[PDB]
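J.: One structure, as C-alpha cells, below. Some questions next.
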Amino acid sequence: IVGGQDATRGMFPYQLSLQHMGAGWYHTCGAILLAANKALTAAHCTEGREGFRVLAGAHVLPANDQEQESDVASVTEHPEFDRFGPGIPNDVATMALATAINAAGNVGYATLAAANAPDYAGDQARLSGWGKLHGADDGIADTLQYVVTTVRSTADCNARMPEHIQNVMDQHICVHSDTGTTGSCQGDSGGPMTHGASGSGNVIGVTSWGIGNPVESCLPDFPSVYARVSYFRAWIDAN
Amino acid sequence: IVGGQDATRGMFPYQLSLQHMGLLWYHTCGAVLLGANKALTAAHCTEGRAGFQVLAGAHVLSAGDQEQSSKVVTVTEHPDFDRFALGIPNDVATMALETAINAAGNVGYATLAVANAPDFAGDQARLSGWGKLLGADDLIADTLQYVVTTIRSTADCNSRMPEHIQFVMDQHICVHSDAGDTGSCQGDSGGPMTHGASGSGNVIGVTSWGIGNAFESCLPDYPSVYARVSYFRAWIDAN
C-alpha cells in the first residue's frame with residue numbers, strides 16, 4: 001500500500017495473508033475470508049502454483065502474530081482467467097480451507113457486494129494489505145497498511161491510464177486519487193477493497209493490477225485496478 | 001535474450017557469465033572481458049554485493065565447461081550510479097580479476113567504442129547473454145543466446161517508450177525491433193551490445209534496463225536500454 005498508514009489489529013477482520021511454500025512459507029498475496037472454510041483471492045496469485053496457507057488475524061507479519069491459520073485444500077480459478085490478456089480478465093479465485101477459521105477475536109467474515117450493487121463511482125473506499133510501501137522498495141510491509149481513496153468509473157479509469165493501456169473494463173473496479181499519491185502495490189494483490197472511509201464496510205473489489213516503470217513497480221500516478229466483486233459475485237457464490 | 005537463438009561458443013569472445021556466490025555459484029549477470037585482469041559490467045550487478053567470479057568461453061551453463069575463469073578481487077561502480085533516478089543513469093562498473101584470462105581459443109578481449117564514436121542510430125547490433133528467453137519464464141537460459149536488433153536515436157528510443165517512461169538519455173544506447181519481438185531480459189544485464197549484424201564488432205553498450213510488468217518482466221514491445229560505451233569510455237579506462 002502506497003501513501004497509506006498502519007492499520008490497527010482487527011480493522012479488517014477478513015484480511016488474510018496468502019502464503020506460498022518456497023524454501024519456507026512467505027507472503028505472496030492478500031486474500032479475503034468469506035466463511036469458515038472459504039476464502040477469495042486473485043486468480044493470478046494461485047494459477048500455475050501449488051502449496052498455500054492463509055493467516056487470519058495477523059498484523060505484523062515478521063512477528064508471526066496470526067490468530068488462526070489454515071492450509072488451502074483446493075483452488076478454483078475463474079475459467080476465463082487470462083494472465084496475459086488485456087486488462088488481466090477474470091482475475092478471481094476461490095480457495096477451500098482445510099481447517100475452519102472461526103469468526104472470533106480479530107477475525108471475521110467479509111460481506112461481499114451484491115450482484116446488483118451500484119458501481120460506486122466517486123465513493124470513498126479503503127485498500128489494505130502488506131504490499132510494498134513504495135514501488136521502488138525491495139521488500140513488502142511489516143505491518144498491515146491501509147489507505148482511503150476514491151472509486152472511479154470505467155471511463156474515468158481509462159482516461160487516467162496510459163493511452164495504449166486503456167484496458168479497464170466493467171468487470172473491474174478502479175481507484176485513483178486526484179493528487180496521484182495513493183494506491184496498491186506488489187504484495188497487495190488478492191486483498192480487499194473495503195467500501196467507505198471508516199467503520200465496517202462491504203468488500204467491493206479484489207486487488208489485481210496497476211502501472212509501473214523500471215524504477216517504481218506500482219505508480220500512484222495511475223489507477224489501481226481491482227476485480228469488481230458485484231460483477232463476480234454470482235460466480236464466487238457458485239464456486 | 002527474447003526473440004533470439006543459441007549462439008556458438010566463441011561467437012562473442014568477450015562475453016562473460018558473472019557469477020555470484022549464494023547457496024552455490026549462480027549466473028547473476030553478463031559481463032564483458034576487457035583484458036587479462038579486467039572486466040566490465042553494469043553497476044546494478046555489483047553494487048552492494050561481493051563474492052563474484054567470471055566464466056570465459058562458456059556456452060551451456062549446465063555443462064560447466066567454460067575455457068577459463070577467475071574470481072573477482074574488487075569491483076568499482078560508477079560514483080554517480082543512481083538505481084532510483086529516471087533512466088537508472090551511470091549503470092557501469094569495472095572488475096579486477098585474480099587470475100589472468102588469456103586471449104586464446106574462444107576467449108578474447110572486447111574492442112570498446114572510443115569516446116569519439118557517433119550514435120550508431122539505424123545500425124544493426126547484436127545482444128548476447130544467458131538472460132531469460134521470455135519475460136514470463138521463471139528461469140534464465142542454459143545456452144548462451146544472441147539476437148540481431150536495430151539501434152535507435154535518443155529521440156526515437158523515447159518515441160517507442162510509454163509516454164510516462166521517456167527516460168532514455170544520450171548516455172544510453174537503445175535497440176528496438178519494429179516487429180516488437182527482440183530484446184534483453186533479466187540475466188542479460190551487464191553484457192555486451194556488439195555493433196553490426198555479423199562479423200567482429202566493437203562493444204558499444206552494456207545491458208542496463210528495459211520495460212516490464214508484474215507477469216512478464218521484460219517486454220520486447222518496447223526498447224532495451226544499454227549504457228553507451230562511448231559515453232563512459234574514459235571512466236572505464238581510468239577505473
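Residue numbers start at 1 in each chain; chains themselves are named A, B, ... in the order of the C-alpha cells; ligands are numbered from 1 in the order shown.
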Which residues are close to region 42-48 of chain B, i.e. within 12 Å by only C-alpha atoms, leaving aside same-chain residues fewer than 5 positions away? Reply as a ChimeraX atom specification.
T.: /B:17-20,27-32,53,72,74-84,88-95,186-192,205-209,225-229,232,236
J.: List every residue of region 109-191 of chain B that DSSP, applied to the backbone of this structure, assigns to alpha helix (DSSP H), and report them as an MDAnalysis selection string.
T.: chainID B and resid 154:159
J.: I need the contact residues of chain A against chain B, so if you could list those with any atom within 7 Å, counting only C-alpha atoms, and return them as a PyMOL selection string, that would help.
T.: chain A and resi 212-215
J.: Please, which residues of region 4-234 of chain A, numbered as in this document, come out strand (DSSP E or B) from DSSP, as number ranges by chain?
T.: A: 5-6, 15-21, 25-35, 38-41, 52-56, 60, 68-77, 93-97, 104, 107, 112, 124-129, 143, 145-152, 172-175, 183, 192-195, 203-209, 213, 216, 224-228
J.: Write out as a list in words which residues come within 7 Å of region 196-204 of chain A when counting only C-alpha atoms, dropping same-chain ones fewer than 5 positions away.
T.: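 Near region 196-204 of chain A, the qualifying residues are residues 110, 111, 112, 113, 124, 125, 126, 148, 228, 229 and 230 of chain A.
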J.: Taking 4 positions as the minimum chain separation for residues in the same chain, which residues sit within 8 Å of residue 9 (chain A) when counting only C-alpha atoms? Answer as a PDB file with N, CA, C and O atoms, in the first residue's frame.
T.:
ATOM      1  N   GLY A  57      -6.224 -12.890  11.194  1.00  0.00           N
ATOM      2  CA  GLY A  57      -5.946 -12.065  12.359  1.00  0.00           C
ATOM      3  C   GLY A  57      -4.513 -11.607  12.536  1.00  0.00           C
ATOM      4  O   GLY A  57      -4.134 -11.219  13.643  1.00  0.00           O
ATOM      5  N   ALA A  58      -3.702 -11.635  11.480  1.00  0.00           N
ATOM      6  CA  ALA A  58      -2.323 -11.201  11.562  1.00  0.00           C
ATOM      7  C   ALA A  58      -2.243  -9.681  11.487  1.00  0.00           C
ATOM      8  O   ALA A  58      -3.179  -9.001  11.055  1.00  0.00           O
ATOM      9  N   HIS A  59      -1.103  -9.148  11.908  1.00  0.00           N
ATOM     10  CA  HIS A  59      -0.929  -7.707  11.869  1.00  0.00           C
ATOM     11  C   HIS A  59       0.493  -7.358  11.453  1.00  0.00           C
ATOM     12  O   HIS A  59       0.686  -6.629  10.471  1.00  0.00           O
ATOM     13  N   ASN A 106      -9.999 -11.066  16.480  1.00  0.00           N
ATOM     14  CA  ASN A 106      -9.857 -10.073  15.423  1.00  0.00           C
ATOM     15  C   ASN A 106     -10.143 -10.644  14.031  1.00  0.00           C
ATOM     16  O   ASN A 106      -9.797 -10.014  13.023  1.00  0.00           O
TER      17      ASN A 106
END
J.: Neighbours of residue 5 (chain B) within 10 Å (only C-alpha atoms; same-chain residues fewer than 6 positions away dropped), as a PyMOL selection string?
T.: chain B and resi 128+133+143-148
J.: I'd like the interatomic distance between CA of residue 73 (chain B) and CA of residue 50 (chain B), to a tenth of an Å.
T.: 9.2 Å
J.: In Å, rounded to a single decimal, give me how far CA of residue 175 (chain B) is from CA of residue 161 (chain B).
T.: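 These two atoms are separated by 11.4 Å.
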J.: List as a ChimeraX atom specification the protein and nucleic acid residues near region 193-203 of chain B, meaning an atom at most 9 Å away when only C-alpha atoms are counted, but skip any in the same chain fewer than 5 places from it.
T.: /B:11-12,32,110-113,120,123-128,147-150,226,229
J.: Can I get the selection written as a CSV table (one decimal), in the first residue's frame, with N, CA and C atoms?
T.:
chain,number,residue,atom,x,y,z
B,11,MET,N,31.5,-17.1,-30.4
B,11,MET,CA,30.8,-16.1,-31.3
B,11,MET,C,31.1,-14.7,-30.7
B,12,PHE,N,31.0,-14.6,-29.4
B,12,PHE,CA,31.3,-13.3,-28.7
B,12,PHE,C,32.4,-13.6,-27.7
B,32,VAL,N,31.7,-8.2,-19.6
B,32,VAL,CA,32.5,-8.0,-20.9
B,32,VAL,C,34.0,-8.1,-20.5
B,110,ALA,N,37.3,-7.5,-25.6
B,110,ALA,CA,36.5,-6.6,-26.3
B,110,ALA,C,37.3,-5.4,-26.9
B,111,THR,N,36.9,-5.0,-28.1
B,111,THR,CA,37.2,-3.7,-28.6
B,111,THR,C,36.1,-2.7,-28.2
B,112,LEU,N,36.3,-1.8,-27.3
B,112,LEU,CA,35.3,-0.9,-26.8
B,112,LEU,C,35.1,0.2,-27.8
B,113,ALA,N,33.9,0.8,-27.9
B,113,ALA,CA,33.7,2.0,-28.6
B,113,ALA,C,34.6,3.1,-28.0
B,120,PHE,N,25.3,5.8,-33.8
B,120,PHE,CA,25.0,4.5,-34.5
B,120,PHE,C,23.5,4.3,-34.8
B,123,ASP,N,21.7,1.5,-37.2
B,123,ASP,CA,22.6,0.4,-37.5
B,123,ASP,C,22.0,-0.9,-36.8
B,124,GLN,N,22.4,-2.0,-37.3
B,124,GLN,CA,22.1,-3.2,-36.6
B,124,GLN,C,23.1,-3.4,-35.5
B,125,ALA,N,22.7,-4.3,-34.6
B,125,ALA,CA,23.6,-4.7,-33.5
B,125,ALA,C,23.2,-6.0,-33.0
B,126,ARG,N,24.0,-6.7,-32.2
B,126,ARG,CA,23.7,-7.9,-31.6
B,126,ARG,C,23.7,-7.8,-30.1
B,127,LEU,N,22.7,-8.4,-29.4
B,127,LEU,CA,22.7,-8.6,-28.0
B,127,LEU,C,23.0,-10.0,-27.7
B,128,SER,N,23.7,-10.3,-26.6
B,128,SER,CA,24.0,-11.7,-26.2
B,128,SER,C,23.9,-11.8,-24.7
B,147,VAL,N,20.7,-12.2,-30.4
B,147,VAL,CA,19.7,-11.7,-31.3
B,147,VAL,C,20.2,-10.4,-32.0
B,148,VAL,N,19.8,-10.3,-33.3
B,148,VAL,CA,20.1,-9.0,-34.0
B,148,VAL,C,18.9,-8.1,-33.9
B,149,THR,N,19.2,-6.8,-33.7
B,149,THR,CA,18.2,-5.8,-33.5
B,149,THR,C,18.8,-4.5,-34.1
B,150,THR,N,18.0,-3.4,-33.9
B,150,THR,CA,18.3,-2.1,-34.6
B,150,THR,C,18.5,-1.0,-33.5
B,226,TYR,N,20.8,0.2,-23.0
B,226,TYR,CA,22.1,-0.1,-22.6
B,226,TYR,C,22.8,1.1,-22.2
B,229,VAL,N,28.8,2.8,-24.4
B,229,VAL,CA,30.2,2.7,-24.0
B,229,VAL,C,31.0,3.9,-24.4
J.: Just the residues within 10 Å of residue 6 (chain A), please, counting only C-alpha atoms, with nothing from its chain fewer than 2 positions along; format it as a PDB file with N, CA, C and O atoms, in the first residue's frame.
T.:
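Ended up saving to result.pdb:
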ATOM      1  N   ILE A   1       0.842  -1.207   0.000  1.00  0.00           N
ATOM      2  CA  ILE A   1       0.000   0.000   0.000  1.00  0.00           C
ATOM      3  C   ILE A   1       0.869   1.245   0.000  1.00  0.00           C
ATOM      4  O   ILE A   1       1.705   1.413   0.897  1.00  0.00           O
ATOM      5  N   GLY A   4      -0.250   5.226   2.423  1.00  0.00           N
ATOM      6  CA  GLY A   4      -1.146   4.894   3.494  1.00  0.00           C
ATOM      7  C   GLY A   4      -0.474   4.961   4.855  1.00  0.00           C
ATOM      8  O   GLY A   4       0.533   5.670   5.066  1.00  0.00           O
ATOM      9  N   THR A   8      -4.909  -0.756  12.376  1.00  0.00           N
ATOM     10  CA  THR A   8      -4.951  -1.332  13.714  1.00  0.00           C
ATOM     11  C   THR A   8      -5.393  -2.791  13.613  1.00  0.00           C
ATOM     12  O   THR A   8      -6.065  -3.189  12.658  1.00  0.00           O
ATOM     13  N   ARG A   9      -4.969  -3.613  14.578  1.00  0.00           N
ATOM     14  CA  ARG A   9      -5.336  -5.023  14.516  1.00  0.00           C
ATOM     15  C   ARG A   9      -6.850  -5.157  14.642  1.00  0.00           C
ATOM     16  O   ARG A   9      -7.470  -4.536  15.505  1.00  0.00           O
ATOM     17  N   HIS A  59      -1.103  -9.148  11.908  1.00  0.00           N
ATOM     18  CA  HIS A  59      -0.929  -7.707  11.869  1.00  0.00           C
ATOM     19  C   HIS A  59       0.493  -7.358  11.453  1.00  0.00           C
ATOM     20  O   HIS A  59       0.686  -6.629  10.471  1.00  0.00           O
ATOM     21  N   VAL A  60       1.483  -7.865  12.189  1.00  0.00           N
ATOM     22  CA  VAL A  60       2.896  -7.665  11.878  1.00  0.00           C
ATOM     23  C   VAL A  60       3.426  -9.015  11.403  1.00  0.00           C
ATOM     24  O   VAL A  60       3.666  -9.923  12.212  1.00  0.00           O
ATOM     25  N   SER A 128      -6.254  -2.303   1.608  1.00  0.00           N
ATOM     26  CA  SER A 128      -5.458  -2.784   2.736  1.00  0.00           C
ATOM     27  C   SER A 128      -4.579  -3.943   2.296  1.00  0.00           C
ATOM     28  O   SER A 128      -4.893  -4.654   1.343  1.00  0.00           O
ATOM     29  N   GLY A 129      -3.460  -4.120   2.991  1.00  0.00           N
ATOM     30  CA  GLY A 129      -2.579  -5.233   2.697  1.00  0.00           C
ATOM     31  C   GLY A 129      -1.172  -4.992   3.206  1.00  0.00           C
ATOM     32  O   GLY A 129      -0.846  -3.943   3.774  1.00  0.00           O
ATOM     33  N   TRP A 130      -0.345  -6.017   2.996  1.00  0.00           N
ATOM     34  CA  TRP A 130       1.068  -5.992   3.345  1.00  0.00           C
ATOM     35  C   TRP A 130       1.963  -5.763   2.133  1.00  0.00           C
ATOM     36  O   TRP A 130       3.167  -6.035   2.209  1.00  0.00           O
ATOM     37  N   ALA A 141       5.621  -4.747   3.247  1.00  0.00           N
ATOM     38  CA  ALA A 141       5.404  -4.096   4.531  1.00  0.00           C
ATOM     39  C   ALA A 141       5.440  -5.089   5.684  1.00  0.00           C
ATOM     40  O   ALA A 141       4.888  -6.187   5.587  1.00  0.00           O
ATOM     41  N   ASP A 142       5.999  -4.650   6.824  1.00  0.00           N
ATOM     42  CA  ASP A 142       5.944  -5.478   8.028  1.00  0.00           C
ATOM     43  C   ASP A 142       4.562  -5.427   8.681  1.00  0.00           C
ATOM     44  O   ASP A 142       4.022  -6.457   9.098  1.00  0.00           O
ATOM     45  N   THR A 143       3.978  -4.236   8.754  1.00  0.00           N
ATOM     46  CA  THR A 143       2.719  -4.010   9.444  1.00  0.00           C
ATOM     47  C   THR A 143       1.630  -3.769   8.413  1.00  0.00           C
ATOM     48  O   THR A 143       1.847  -3.035   7.447  1.00  0.00           O
ATOM     49  N   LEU A 144       0.463  -4.379   8.632  1.00  0.00           N
ATOM     50  CA  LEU A 144      -0.665  -4.193   7.721  1.00  0.00           C
ATOM     51  C   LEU A 144      -0.926  -2.704   7.533  1.00  0.00           C
ATOM     52  O   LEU A 144      -0.972  -1.949   8.503  1.00  0.00           O
ATOM     53  N   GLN A 145      -1.077  -2.290   6.274  1.00  0.00           N
ATOM     54  CA  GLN A 145      -1.360  -0.910   5.900  1.00  0.00           C
ATOM     55  C   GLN A 145      -2.787  -0.758   5.397  1.00  0.00           C
ATOM     56  O   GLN A 145      -3.415  -1.719   4.923  1.00  0.00           O
ATOM     57  N   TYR A 146      -3.266   0.494   5.436  1.00  0.00           N
ATOM     58  CA  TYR A 146      -4.465   0.829   4.671  1.00  0.00           C
ATOM     59  C   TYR A 146      -4.393   2.270   4.193  1.00  0.00           C
ATOM     60  O   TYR A 146      -3.587   3.095   4.676  1.00  0.00           O
ATOM     61  N   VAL A 147      -5.232   2.563   3.197  1.00  0.00           N
ATOM     62  CA  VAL A 147      -5.332   3.919   2.675  1.00  0.00           C
ATOM     63  C   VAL A 147      -6.760   4.170   2.184  1.00  0.00           C
ATOM     64  O   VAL A 147      -7.406   3.272   1.637  1.00  0.00           O
TER      65      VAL A 147
END
J.: Go ahead and compute the interatomic distance for CA of residue 8 (chain B) and CA of residue 59 (chain B), in Å to one decimal.
T.: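 A separation of 7.1 Å between them.
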J.: Pick from B:21, B:219, B:134, B:107: nearest to residue 71 (chain B), with only C-alpha atoms counted?
T.: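 For residue 71 (chain B), the nearest of the given residues is B:21.
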